[PDB]
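# Structural features, examined
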Amino acid sequence: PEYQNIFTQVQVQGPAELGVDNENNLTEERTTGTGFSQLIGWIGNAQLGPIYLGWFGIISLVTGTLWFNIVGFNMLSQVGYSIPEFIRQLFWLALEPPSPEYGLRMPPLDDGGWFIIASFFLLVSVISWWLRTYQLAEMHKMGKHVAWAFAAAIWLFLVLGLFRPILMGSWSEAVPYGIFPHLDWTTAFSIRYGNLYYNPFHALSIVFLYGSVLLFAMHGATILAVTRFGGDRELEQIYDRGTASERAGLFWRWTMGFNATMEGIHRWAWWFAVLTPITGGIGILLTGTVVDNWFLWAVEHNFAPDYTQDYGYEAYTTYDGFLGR
Amino acid sequence: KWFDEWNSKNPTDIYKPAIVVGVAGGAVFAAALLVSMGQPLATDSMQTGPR
Amino acid sequence: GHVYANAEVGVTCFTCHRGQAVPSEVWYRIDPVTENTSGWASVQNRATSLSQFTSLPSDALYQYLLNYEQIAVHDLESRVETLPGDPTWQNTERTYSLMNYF
Amino acid sequence: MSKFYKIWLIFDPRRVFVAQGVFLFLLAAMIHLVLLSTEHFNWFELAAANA
Amino acid sequence: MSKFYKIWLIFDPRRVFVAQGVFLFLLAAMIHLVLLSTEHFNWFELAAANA
Amino acid sequence: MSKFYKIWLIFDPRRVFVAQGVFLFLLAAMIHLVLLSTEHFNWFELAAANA
Amino acid sequence: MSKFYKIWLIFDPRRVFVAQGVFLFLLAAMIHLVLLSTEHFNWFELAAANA
Amino acid sequence: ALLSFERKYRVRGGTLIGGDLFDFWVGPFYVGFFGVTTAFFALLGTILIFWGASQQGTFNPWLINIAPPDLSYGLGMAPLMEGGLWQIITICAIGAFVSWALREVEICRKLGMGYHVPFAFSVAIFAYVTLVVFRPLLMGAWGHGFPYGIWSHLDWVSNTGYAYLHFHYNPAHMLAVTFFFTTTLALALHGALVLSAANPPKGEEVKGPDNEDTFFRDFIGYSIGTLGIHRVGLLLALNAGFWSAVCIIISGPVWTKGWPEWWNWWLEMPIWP
Amino acid sequence: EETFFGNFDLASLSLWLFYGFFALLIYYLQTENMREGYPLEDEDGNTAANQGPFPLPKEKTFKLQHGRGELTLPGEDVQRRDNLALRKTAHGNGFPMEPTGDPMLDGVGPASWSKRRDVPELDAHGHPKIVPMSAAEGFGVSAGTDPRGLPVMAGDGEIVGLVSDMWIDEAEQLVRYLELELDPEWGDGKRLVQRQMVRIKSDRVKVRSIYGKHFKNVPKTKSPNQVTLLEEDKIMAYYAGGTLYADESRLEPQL
Amino acid sequence: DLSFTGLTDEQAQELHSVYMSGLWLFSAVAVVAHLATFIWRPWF
Amino acid sequence: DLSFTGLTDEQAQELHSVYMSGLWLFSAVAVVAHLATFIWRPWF
Amino acid sequence: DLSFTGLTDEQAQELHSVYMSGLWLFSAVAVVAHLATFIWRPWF
Amino acid sequence: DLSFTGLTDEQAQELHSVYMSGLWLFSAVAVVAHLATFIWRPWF
Ligand code: BCL
Ligand code: BCL
Ligand SMILES: CC[C@H]1c2cc3[nH]c4c(c3C)C(=O)[C@H](C(=O)OC)c4c3nc(cc4[nH]c(cc(n2)[C@@H]1C)c(C(C)=O)c4C)[C@@H](C)[C@@H]3CCC(=O)OC/C=C(\C)CCC[C@H](C)CCC[C@H](C)CCCC(C)C
Ligand SMILES: CC[C@H]1c2cc3[nH]c4c(c3C)C(=O)[C@H](C(=O)OC)c4c3nc(cc4[nH]c(cc(n2)[C@@H]1C)c(C(C)=O)c4C)[C@@H](C)[C@@H]3CCC(=O)OC/C=C(\C)CCC[C@H](C)CCC[C@H](C)CCCC(C)C
Ligand SMILES: CC[C@H]1c2cc3[nH]c4c(c3C)C(=O)[C@H](C(=O)OC)c4c3nc(cc4[nH]c(cc(n2)[C@@H]1C)c(C(C)=O)c4C)[C@@H](C)[C@@H]3CCC(=O)OC/C=C(\C)CCC[C@H](C)CCC[C@H](C)CCCC(C)C
Ligand SMILES: COC1=C(OC)C(=O)C(C/C=C(\C)CC/C=C(\C)CC/C=C(\C)CC/C=C(\C)CC/C=C(\C)CC/C=C(\C)CC/C=C(/C)CC/C=C(\C)CC/C=C(\C)CCC=C(C)C)=C(C)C1=O
Ligand SMILES: COC(C)(C)C(=O)C/C=C(\C)CC/C=C(\C)CC/C=C(\C)CCCC/C(C)=C/CCC(C)CC/C=C(\C)CCC=C(C)C
Ligand SMILES: COC(C)(C)C(=O)C/C=C(\C)CC/C=C(\C)CC/C=C(\C)CCCC/C(C)=C/CCC(C)CC/C=C(\C)CCC=C(C)C
Ligand SMILES: COC(C)(C)C(=O)C/C=C(\C)CC/C=C(\C)CC/C=C(\C)CCCC/C(C)=C/CCC(C)CC/C=C(\C)CCC=C(C)C
Ligand SMILES: COC(C)(C)C(=O)C/C=C(\C)CC/C=C(\C)CC/C=C(\C)CCCC/C(C)=C/CC[C@H](C)CC/C=C(\C)CCC=C(C)C
Ligand SMILES: COC(C)(C)C(=O)C/C=C(\C)CC/C=C(\C)CC/C=C(\C)CCCC/C(C)=C\CCC(C)CC/C=C(\C)CCC=C(C)C
Ligand SMILES: [Fe+3]
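Procedures and definitions
- Residues numbered from 1 in each chain as written, not as in the entry; some residues may be left out.
- Chains lettered and ligands numbered in written order.
- Part of a larger assembly, values for the part shown.
- Heavy atoms only, no water.
- Helix = DSSP H or I, 4+ residues; strand = E, 2+ residues; numbered from the N terminus.
- Buried < 20%, exposed > 50% of the residue type's maximum accessible area, 1.4 Å probe, protein only.
- Areas by Shrake-Rupley, 256 points an atom, 1.4 Å probe, with all protein chains shown as cover.
- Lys, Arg positive; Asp, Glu negative; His and termini not counted.
- Charge placed at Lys NZ, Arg CZ, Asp CG, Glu CD.
- Contact = heavy atoms within 4.5 Å.
- Buried area = accessible area lost by both parts, 1.4 Å probe.
- Salt bridge = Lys/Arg side-chain N within 4 Å of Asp/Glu carboxyl O.
- Polar contact = N/O pair within 3.5 Å; in protein donor to acceptor, adjacent residues only side chain to side chain.
- Nonpolar A, V, L, I, M, F, W, Y, C, P; charged D, E, K, R; others polar.
- Donors = N, O, S within 2.8 Å, 3.2 Å for Na, K, Ca; no water.
- Tetrahedral: all angles 85-135°; square planar, octahedral: opposite > 155°, others 65-115°.
- UniProt positions renumbered as here; feature names shortened; annotations may be inferred.
- Near = heavy atom within 4 Å.
- Patch = residues over 30% accessible without salt bridge, like charges linked within 9 Å, V, L, I, M, F, W, Y side chains within 5 Å.
- Axes fitted to C-alpha atoms, helices over the stretch in contact; angles between N-to-C directions.
- Parallel < 35°, antiparallel > 145°, perpendicular 65-115°, else oblique.
- Left-handed = near helix turned anticlockwise from the far one by under 90°.
- Expected span 1.5 Å × (residues − 1).

The deposited coordinates for this entry were obtained by cryo-EM, with a reported resolution of 2.44 Å.

The PDB lists this entry under the title "Cryo-EM structure of the Dinoroseobacter shibae RC-LH1 supercomplex with incomplete LH1 ring(State 1)".

Below, the structure written as C-alpha cells:
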C-alpha cells in the first residue's frame, strides 16, 4: 500500500541544536551536553537535552524529592523495615490523613503530622513548577497559554486537597497517598454522598473529557492525512495559506457541514481540555457543603428514571433452575 | 508449442491469488481463532432486577 | 425466620463442623495491622487475611458483628446540616469492607 | 456445453489456475479441520496410542 | 397586504421550500404522535376495545 | 393550481427524485413496523392464534 | 403511463441496475429472516415438531 | 454557497459505487450511495425511538428509556413492546455508523487525502459493537446490552461495575484510564504551544518551530517535534479506545469473581518468604 | 441549606451561570474560525444571498519575521487562482465541475495548488530552511536504509532513473524530498518527490501515484539549491493528482 | 429597487400567486380533515 | 422569465404531465389496498 | 429534447421495453410463490 | 470474435482440452476417496 507516515523510513543526524537566544541571555543557565536516541528517532526527534536550570526548578526538585522520601520512609517503617515485605505490599501501603477528631488542629506525628509536612512540601513544589513555566514563557517573548492551562489543573488539585477540607473544617477530608488506597477513597467518596453520577458538574466534566479525546483523534488523523502537502508545518500554514489547509477544511465541511481554520482548531482543543478540571472542581466543591445526596436532588428536580418491574431473582427464575437440577 | 504467447504478452500471475489468500486465510481463519478463544468457557447469568 | 426463610433447611453439627473439631472460617481480632500508627491509619492500609484482597479496613466484623456500631452512612435528605460526630468516608470504607465480606 | 472453451477468451488462464489452486487448498484444509474438531470423525482416536 | 410578494426579494425560494417541507412533515408527525400517547384519542386501542 | 408545473423551473428532478424515493420507502417501513407492534393489527400473531 | 420510458433520460441504467440488485437482494433476505424469527412460520422447527 | 477557494475541488469521480447517480451536494453536505443509506437508517431509528417514547408515556428527554429484553429470551427475538424495538434500533444504528465511515472514505478519495480519519472512527465503532454485540453474544443473551436513555444508561454502568465488586482493581480499566488522562494532557499542551507561538504579546513578532523546540527543551529537556506530536496523539487516543473495549470484554465472559481477588497471584508468589 | 425560591439553591445558580457562559464561548469560538474563505459565493462566482447565522469577526494583525510586513485577517483572498480550466455540468448549484483539458497539467481537482509566496521558507538564522544534503555541513545517515543510488520504480512498473540526492530540513533534522535523475528515455533533468509518497526498499524505491510517462511533466525548480513555497505546492499537488488521474480505472466506480 | 436574491418585481408577483394557491389548497384539505375528525370524536 | 434549472415552459409542462401520471397510479393502488384492509379489519 | 444521460429517445424506448419484460417475469414468479405459500400456511 | 486475452479460437480449444482432463483426474481421485471414507463411517 501507500506509505502511511507512522514510522520514519530513514534518519539523518547533524550537529546538536543548542537553541535560540536573545538579550535575556538564556544560554547562561543552560547545561552543556546532549545525546541521541535512535529508538525514539523512529517516531520523533532523536536529540536529548539540554535543559534550563533556574531557582524555581531546583526548589521544585528538592521539595518534590522530600515529599517522595517522607512518604516512602513512612511506608517502610509501617512494615518493620523488612525490604521483601515492603516490596510485597507496595501497592497496598499509604500515608494516611489525620483522624476526624482533630479538626483543623495540628495532630501528632503518629496520627497525621507527617501527612501535613508532606502536603506542605508537595504544595511548594507544584507552585514553584508553575512559576518556572510562567517565567520561561516570559523570557522567550511568547504567550502565556501553557501556564494558564496548567493553572486549570492546579485548580482541581487545590480543591481536592486544600479548599474543601478547610470549608468542611477537618484535615481528615483529604486523599491518602497510595495507589490502591486512593482508588478506595474515590469509591468511598462516591458512595458517601449519594451517587456522583447524578451530579450535573460530574456529567459536564465527563462531556469535556470525552470531547477532548475525540478531538485529539480527529486532529491527529486529519493532520497525518494532509502531510503529503506539507501539513505538519502548521505555523507557516497560518501565516500563508496553502492547499493542505484548504483540503483539511473541505473534508470536514463536506462531512458535517462546518469546519475550522488551521489556527482555530487549536483554540477548540485548548478550551475542551481546560474545561474538564474547572467543571470538575466546581462539582467537587459543592459536595457536602451544599448537597448531601445527589440522587435525592435528582428526584427533587425530576430527572431520575422510574422502573416498573420487580426486584429479586424469584421474580425471574428458580434456584434449582439456575443450578440445573 | 506456445511460448510465443507468454513471452510476448506478460503480466502478473500472482496478484489475484494473493486476494483469495488474504481473504480466507486471513479473515475467515483468524475469526475462528478469536471466537473459539472465549466461547469455550460458557457462562450463565441470573437476573435479579428490571430489564 | 432466617434458617427457614424459603423452605425446611435446618442446622446440625455438620453445618459448621464438616468432620473437624475446629470449624473452618473462624476469625480473631487482628486490629493493629501496621506498626507506628495510631488511629484510622492503624487498621486498613495492608492486605491481610480479613480484608478481602483490598486495602480497606480490617476493623470490620469486630465493630459490627461482635459490637453494635451503626452500619448506615447515608443522609436521608438532599440538603442536611452536617454536624461533628456524623458518619464520614472512613465509616463508609468500613461498611464497604463488611459488604465485600458478605 | 460444446462452446465452454471460450472462457479462456475472457479470462487469462495464467492468473486463473494459480487462484484456483490457492482456493482448492484453503478449502480442503478447512474441511479437514472441521472433520477433526468432531469426536466421531477424528481419526486421531485410532491413532495417539500404541497398544 | 398586497405587498407580501416582496418576501421573495429577500429570501431565496429554493431554501425556503426545503425548510418548509421539513418543518411541515415534522410538525405533522409530532401531532399524530401526541394523539397516540393519550387514552381517549388512540385509535388503535379504541379499535381493539370495540371488538 | 393550473400553474403547478412551474416547480420544475425551481428544482432539478435529479435531486428531487432521490429525495422522494428515500422519503416514501422510509414512510412505508415505519408504518408497517408501527402496525406490527400492536395487538389488534399484528397479522403474524393473529394467524397463529386463529389456528 | 405511455411516456414512463423517459426515466432513462434522467438516470443512467448502468448505475441504476447495480443499486436495484442490491436493494432487491437485501429486501428478500430481510423478509426471509423476519419469517424465521417467529414460531408459526419457522419451517426448520415445523419439520422437527411434525416428524 | 461555497467558500472562496472551494470551486476548484468540486470535480466528478472517486466513488466506490454509484457513479454519478448520486454524485452531488445538498448545501454543504456531500451525497452518495452511503449518504442515502445513512439518511434512511438514521431517520428510521430516530422515528422509532420517538414512537417508543409515545408508547411509554413520557416525552421528557431526561426520562425516555428504551430497554433490551429479559434474560429468559436468550438470543431470540422479543415482542416489539418488550424489547424488540431496542433490537431494531440497534440494527439501524450499526447500519448508520458503517455508512458514515464509508461516506468518509469516498470524500477522502475525492479530495486526494489519506484514509486516517475513517480508520480512527472504526475503533469507536468497534467499541460500540463490543458493547452491544460481542459481549451479549458471548454471555448468551441480548438483554446484557445497555439501554437507550440519557440517564438510564448510567444506571447500567453503575450496576455492571458493582457486579465485580471493586471495578477499580481491573488492570485493563487502569490502562484505559491512564491513556485517557495522558491524551487529555497532551492535547492541552499541544494547543497551548501552538497558540503561544502564533499569538505573542502585543508589539512582538510571531515565532517559528525553532522557538517551540527551544521552549520544550528548556522546559523539560526533550522535544518530540511537530510531526511526532500528531502521531503520539493519534496513538494515545486509539489505545484508549482499544483498551476500553478489552476491559469491558474480559469482565463478563473470562472472569467471574471479584476483581481484587485477581491479585492473589502476586500476593502468593513462591519467591516471597 | 436553604433555597431562595422553590428548589433553587447555589448549585442551580451555578448551573445557569455556566449555561450562559458556554453560550458566549460557543459564539466566540465559531466566530474566530471564520477568518479564511468568507464571504460565501455561488457556483457562478457571485456573492450568495445567504450568509449564515453568525456575523463576520473584526480584524487582527500579525507581525512577520525577516521583514515581510503585516497580515490582516479577514481580508481579500490573495491566494486565489485566476484562470481555471473547468466547466459546469448543470445550470443550477450543487453539481460537479468537469475539466476542460488535462487536469494534471492544469492544476484542477485533486491536482490543485494554492498561490503561495514565491520565496523559500526560512529558519531562525534567516537562511533557506530546506537544503540539499551535498551542502549541509556535518550531516549524514544515522539509521535506516540509504536510498542514494537505488533505482526508482514507477506506478506501472517502469524504471525511470536513479536517486541522486536528498534534501533535508536542517533545523528539524528530517528528510523532506528525494531528488531523481531521469533516464533519457523518460525525460531530461532532475525532479523532486516528497518523502511522504515513496517507499524505500533494499534494492529500489517505489512511487505508485503516477506512471512512467507522467515523470517528464513534474514541475521543476528554478534554482538547484532552494525551492519556494509556490514550487512546492505545485510539485506536491502534481504528485497527489495521480492517485485519481493517472489511470481511467482510478476514476470510474470500483464496485 | 432592492433585491438580495436577484429576482425582479414581476417575477416575485408571479411566484407568489402560485405559492398562495398551493397554500389555500393545503388549508382546504386540512379543514375538511379537521371537520371529519371533530364529528368522529369532539374535543370541545 | 425565471428559470433556475435552465428548462423551458414546454419541458416543464411535459415533465409535470408524466409526474402526475405516476402520482395518480400510485394513489389508486394505495386506495385499493386501504379499502381491502378496512374490509378485513376496521379501525373506525 | 431534454437529456441528462446522453441517450436518445429511441434508445430509451428500446431499453424500457426489455426492462418491463424482466419486471413482469419477476412478478409472475413471485405471484406463483405467494400462492403456493398461502395454500400451505395461510395468513389473513 | 472476442479476445480479451490474446488467444485465437483454436489455441483456447487446445488449452481447454487439457484443462478438462486435469479436472477429471482430480474428480476420479476425490470420488474414490469419498467412497473409502463412506465405507469407514457412513453419514447417510
Ligand atoms: C461503578 C462504576 C465503575 C466503572 C464502571 C465501568 C464500566 C462497567 C465501564 C467502564 C468504562 C470506562 N470507564 Mg470505568 N468505572 C468506574 C469509574 C471510572 C473512572 C473514575 C473513577 O474516574 C474513570 C475515569 C472511568 C472511565 C472509563 C473508561 C476507561 C471507559 C469508558 C469507555 C469509553 O470511553 O469508550 C468510548 C467508546 C464508545 C462506546 C463510544 C461509541 C461512539 C459511537 C461509535 C458514535 C455514536 C454517534 C452518535 C449516536 C451521534 C450523535 C450526534 C448527532 C448530532 C446525532 N471509569 C467505576 C468505578 N467503567 C466503559 C467501557 O470501557 O466500555 C467500553 C464501561 O462499560
Ligand atoms: C465510583 C467512582 C465514581 C466517580 C468518582 C469520582 C470522583 C471522586 C472524582 C471523579 C472525577 C472525575 N470523574 Mg468520575 N466517578 C465515577 C465514574 C466516572 C466515569 C465512568 C463510570 O465512565 C468517568 C468517565 C469519570 C470521569 C471523571 C473525570 C471526568 C473527572 C476527573 C477530572 C480530571 O480532569 O481528572 C484529571 C485529574 C487531575 C487533573 C488531578 C490533578 C493533577 C495534578 C495537576 C497533579 C500534580 C502533579 C503531581 C503532584 C506530581 C507528579 C510527579 C511527577 C513524577 C513529576 N467518572 C464513579 C461514579 N469521579 C473528579 C472530578 O472532577 O469530579 C467532579 C473527582 O474528584
Ligand atoms: C511526562 C512529562 C514529564 C517529563 C518527562 C521527561 N523528563 C525527561 C524526559 C522526559 C520525557 C527526557 O527525555 C529527559 C531525559 O533525558 O530522560 C532520560 C528528561 C529529563 N528531564 C529531567 C528533569 C525533570 N523534568 C521534569 C518534568 C517533566 N518532564 C514532566 C513532569 C521533572 C519533574 C517531574 O519535576 C524533572 C525532575 C530529568 C528527569 C531528565 C534529565 C535530562 C537532562 O538533564 O538533560 C538531557 C539529557 C542528557 C544529559 C543526555 C542523555 C542522558 C539521559 C539523562 C539518560 C538517557 C540516555 C540514553 C543514552 C538514552 C535512553 C533513552 C531515554 C529516553 C531514557
Ligand atoms: C488540562 C488538565 C490536564 C493536565 C494539564 C497539564 N498538566 C501539566 C501541564 C498541563 C497543561 C504542564 O504544563 C505540566 C508539565 O510539566 O507538563 C509537561 C503538567 C504536569 N502534569 C503532571 C501530572 C498529572 N497531570 C494530570 C492530569 C492533567 N494534566 C489533566 C488531564 C494527572 C492525572 C492524575 O491525570 C497527573 C498525574 C506532571 C507530569 C506535570 C507537573 C510536574 C510538577 O509539578 O512537578 C513538581 C515536581 C515534583 C513533585 C518533583 C518530583 C520528584 C521525583 C520523585 C523525582 C524527580 C523527577 C523525575 C523526572 C521522575 C523520576 C524519573 C526516573 C527515571 C528516576
Ligand atoms: C477512541 C475513539 C474516540 C472517537 C473517535 C471518533 N469519533 C468520530 C470520529 C472519530 C475519529 C469521526 O470521524 C466521526 C465524526 O464525524 O466526528 C465529527 C466521529 C463521531 N463520533 C461521534 C460521537 C461520539 N464519539 C464518542 C467517542 C469517541 N470518538 C472516542 C473517545 C462518543 C462518546 C460517548 O464518548 C460520542 C457520543 C459523532 C459526533 C460522530 C459520528 C456520528 C454520526 O454521524 O453517526 C451517523 C448517524 C447519525 C447521524 C445518527 C444515528 C442515530 C441512531 C440511528 C439512533 C440512536 C441510536 C443510539 C445507540 C442511541 C444512544 C442513546 C444514548 C442516550 C446512549
Ligand atoms: C486542521 O484540520 C482540521 C480542520 O480543518 C481546519 C477541521 O475543520 C477539524 C474539525 C473540527 C472542528 C470543526 C471543531 C469542532 C468539532 C467538534 C466539537 C466535534 C463534534 C461535532 C458535533 C457535535 C457536530 C457533528 C454533526 C453531525 C454528525 C450531524 C451532521 C449531519 C447531518 C445534518 C446529515 C448529513 C447529510 C447527509 C447524509 C445528506 C442528506 C441525504 C440525502 C439523501 C440528500 C437528499 C435530501 C433530503 C432527503 C432532504 C434534504 C436534506 C437536508 C437539508 C440535509 C440536512 C438534514 C435535515 C434533516 C434538514 C479538524 C479536527 C481538523 O483537524
Ligand atoms: C431462508 O432465508 C435465508 C435468508 C436464510 C436464505 O437462504 C435466503 C436466500 C436467498 C434470498 C437467495 C437468493 C438467491 C438468488 C437470487 C440466486 C440467483 C442465482 C442465479 C441468478 C444464478 C446464476 C447462475 C449462472 C451460472 C452458473 C452461469 C454459468 C455460465 C457459464 C459457466 C458459461 C461461461 C460463459 C462463457 C464461456 C461465454 C463464452 C465467451 C465468448 C467470448 C463467446
Ligand atoms: C399516524 O401517526 C404516524 C406518525 C405514525 C404517521 O403515520 C404519520 C404519517 C404522516 C404525517 C404521513 C405523511 C405523508 C405524506 C405527506 C405523504 C406524501 C406523499 C406524496 C406527496 C407522494 C407522491 C408520490 C408521487 C409519485 C409516485 C410520482 C411519480 C412517479 C413516477 C414514477 C413518475 C416518473 C416521472 C418521469 C419518468 C418523468 C420523465 C419525463 C420527462 C419529460 C423526462
Ligand atoms: C411487513 O413489514 C415490513 C416492514 C417487514 C416489510 O416487509 C415491508 C416491505 C416493503 C415496504 C417493501 C417494498 C417493496 C418494493 C417497493 C418493491 C419494489 C420492487 C420492484 C420495483 C422491483 C422491480 C424489479 C425489476 C426487474 C427485475 C426488471 C428487469 C430485470 C431484467 C433482467 C431486465 C434486463 C434488461 C435489459 C437487458 C435491458 C437492456 C436493453 C438494451 C437496449 C441494451
Ligand atoms: C398543542 O400544542 C402543541 C405544542 C402540541 C402543538 O401542536 C403546537 C403547534 C403549533 C404551534 C403549530 C404551528 C403551526 C404553524 C404556524 C403552521 C404554519 C403552516 C404554514 C404557513 C404552511 C404553509 C404551506 C404552504 C404551501 C404548501 C403553499 C404552496 C406550495 C406550493 C405552491 C408548491 C408549488 C410552488 C410553485 C410552483 C412555485 C413556482 C413558481 C414560479 C413562478 C416559478
Ligand atoms: C524508602 O524507599 C525509597 C527511598 C526508595 C522511597 O522513597 C520510596 C518511595 C515510594 C515507594 C513512594 C510511593 C509513593 C506513592 C505511591 C504515592 C502516591 C501518591 C498519590 C496518589 C498522591 C495523591 C495526592 C493528592 C491528591 C489526590 C489530591 C490533592 C492533594 C493536594 C492539594 C495536596 C496539597 C496539600 C495541602 C495544600 C495541605 C498543606 C497544609 C498546610 C497547613 C500548608
Ligand atoms: Fe496540530
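### Looking at the overall build of chain B
Counting its regular elements, chain B contains one helix and zero strands. Each principal axis of the C-alpha distribution contributes one length, and for chain B these read about 80 × 20 × 10 Å. Counting the 51 residues in chain B, one finds 10% classified as buried. Total accessible area on chain B is roughly 4,100 Å²; 66% of this is exposed by carbon and sulfur atoms. A distance of 7 Å separates the average location of the 4 positive side-chain charges in chain B from that of its 4 negative side-chain charges.

### Re the side chain of A:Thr187
Relative to the elements of secondary structure, A:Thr187 occurs in helix α5 (residues 179-192). Beyond its immediate stretch of four places on either side in the chain, A:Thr187 contacts C:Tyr96, H:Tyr162, H:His166 and H:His168.

### What to know about the interface of chain A and chain H
Taken together, the contacts link 92 residues of chain A with 94 residues of chain H. Both sides of the chain A and chain H interface together cover about 8,800 Å² of buried area, and 69% of this is carbon and sulfur. If you sort the residues of chain A by the area they bury against chain H, A:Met142, A:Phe216 and A:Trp254 come out on top, with a joint share of 11%. For the interface between chain A and chain H, the tally reads two salt bridges. Here A:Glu246 ties to H:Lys8 by a salt bridge, and the two come within 3.3 Å at their closest N and O atoms. Where chain A meets chain H, there are 34 residue pairs in polar contact. At 13 residues, the largest contribution of residues to the side of chain A that touches chain H is made by helix α6 (residues 200-225) of chain A. Looking at the side of chain A that touches chain H, its residues break down into 51 nonpolar, 25 polar and 16 charged.

### Here we look at the coordination of the iron ion (ligand 12)
Protein-derived ligands of the iron ion (ligand 12) are A:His219 (NE2), A:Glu234 (OE), H:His190 (NE2) and H:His230 (NE2), with the metal-ligand distances lying across 2.1 to 2.5 Å. Its four donor atoms give the iron ion (ligand 12) angles of 85 to 142 degrees at the centre, a pattern that matches the irregular case. Here H:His190 is found in helix α5 (residues 171-198), whereas its partner H:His230 is found in helix α7 (residues 228-251), with 40 residues between them in sequence. Its relative accessible area of 1% is what places H:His230 among the buried residues.

### Observations regarding the UniProt feature "transmembrane region" (unreviewed entry) in chain B
The feature "transmembrane region" (unreviewed entry), as annotated in UniProt, sits at residues 18-38 of chain B in this numbering. For the annotated span residues 18-38 of chain B, helix accounts for 100% and strand for 0% of the residues, and the straight-line distance between the end C-alpha atoms is 30 Å.

### Some details on the site of ligand 2
Taken together, the neighbourhood of ligand 2 is formed by 17 residues, with A:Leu196, A:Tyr197, A:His202, A:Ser205 and A:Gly280 sitting nearest. In this structure ligand 2 sits where residues from chains A and H come together. A:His202 has a polar side-chain atom sitting 3.0 Å from a nitrogen atom of ligand 2. For the shell around ligand 2, the secondary-structure elements that each account for two or more residues are α4 (145-168), α5, α6 and α9 (264-285) of chain A. Here the shell around ligand 2 takes five residues from α6(A), the largest share from any one element. In terms of residue class, the shell around ligand 2 is built from eleven nonpolar, six polar and no charged.

### Considering the coordination of the magnesium atom of ligand 2
Of all protein atoms, just one serves as a donor to the magnesium atom of ligand 2, and that atom is A:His202 (NE2), at 1.9 Å. Residue position: A:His202 is located in helix α6.

### Things to note about a nonpolar patch on the surface
A surface patch of nonpolar side chains, amounting to about 1,200 Å² of accessible area, comprises D:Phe23, D:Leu24, D:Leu27, D:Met30, D:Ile31, D:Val34, D:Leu35, D:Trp43, D:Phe44, D:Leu46, M:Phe26 and M:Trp40. Those elements that place two or more of their residues in the nonpolar patch are α1 (13-24) and α2 (28-36) of chain D together with α1 (9-40) of chain M. In terms of residue count, the dominant contributor to the nonpolar patch is α2(D) (four residues). With respect to the helices and strands, the residue D:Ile31 is situated in helix α2. By relative accessible area, which is 47% here, D:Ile31 ends up partly exposed.

### Some points on the interface of chain G and chain H
Contacts between chain G and chain H engage six residues on the former and seven residues on the latter. Here chain G and chain H share an interface that buries about 500 Å² over both sides, 80% of which is from carbon and sulfur atoms. Looking at the side of chain G facing chain H, the largest losses of area belong to G:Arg15, G:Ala19 and G:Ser37, adding up to 60% of the total buried there. The tally of links between chain G and chain H comes to zero residue pairs in polar contact.

### So, the packing of α6(A) against α5(H)
Think of two packed helices as two axes; the pair is described by the angle between the axes and how far apart they sit. For the pair α6(A) and α5(H), the least separation of the axes is 9 Å and the interaxial angle reads 65 degrees. Relative to α5(H), α6(A) is oriented roughly perpendicular. Of the two elements, α6(A) crosses α5(H), and the hand of that crossing is left-handed. Packed against α6(A), whose contacting residues are A:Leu209, A:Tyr210, A:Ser212, A:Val213, A:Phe216 and A:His219, the element α5(H) presents H:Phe180, H:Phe181, H:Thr183, H:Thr184, H:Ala186, H:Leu187 and H:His190 at the interface. Residue composition of the contact of α6(A) with α5(H), grouped by class: eight nonpolar, five polar and no charged.

### Digging into helix α1 (residues 55-77) of chain A
All names here are of chain A. Between its first and last C-alpha atoms α1 spans 33 Å; for 23 residues at 1.5 Å apiece the expected length is 33 Å, and the two agree. For α1, every residue scored as buried is listed here: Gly57, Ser60, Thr63, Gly64, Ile70, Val71, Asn74, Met75, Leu76 and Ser77. Those residues of α1 hidden inside the fold are in contact with α2 (83-88) and α3 (113-139).

### Here's the deal with the packing of helix α8 (residues 243-256) of chain A against helix α2 (residues 80-111) of chain H
Between α8(A) and α2(H), whose axes approach to 10 Å, the crossing angle comes to 145 degrees. Two packed elements cross with a definite hand, and for α8(A) against α2(H) that hand is right-handed. Within the contact between the two elements, α8(A) uses A:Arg247, A:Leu250, A:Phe251, A:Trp252, A:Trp254 and A:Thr255 and α2(H) uses H:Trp100, H:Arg103, H:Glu104, H:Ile107, H:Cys108, H:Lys110 and H:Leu111. A class-by-class count of the residues in the contact of α8(A) with α2(H) yields eight nonpolar, one polar and four charged.

### A word on the arrangement of the chains
The highest contact count of any of the 30 pairs of chains in contact belongs to chains A and H. Separated without contact, chain D and chain K have their nearest C-alpha atoms at a distance of 42 Å.

### Things to note about α1(M)
Look at α1(M): 47 Å from first C-alpha to last across 32 residues, which is about the 46 Å you get at 1.5 Å a residue. Those residues of α1(M) that fall on the buried side of the exposure criterion are M:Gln11, M:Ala12 and M:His16.

### Describing the pattern of salt bridges
In total, this model carries 47 salt bridges over all chains according to the counting rule given. The partner of G:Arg14 in a salt bridge is G:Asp12, and the shortest N-O contact between them spans 3.3 Å. The exposed category is assigned to G:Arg14, whose relative accessible area is 56%. G:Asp12 gets classed as buried once you look at its relative accessible area, which sits at 15%. In this structure, I:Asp203 engages I:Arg204 in a salt bridge whose closest nitrogen and oxygen atoms are separated by 3.6 Å. In this structure I:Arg204 comes out as partly exposed when scored by relative accessible area, which is 31%. Overlapping salt bridges, with partners in common, bring together A:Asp232, I:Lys129, I:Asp169, I:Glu172 and I:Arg176 in one network.

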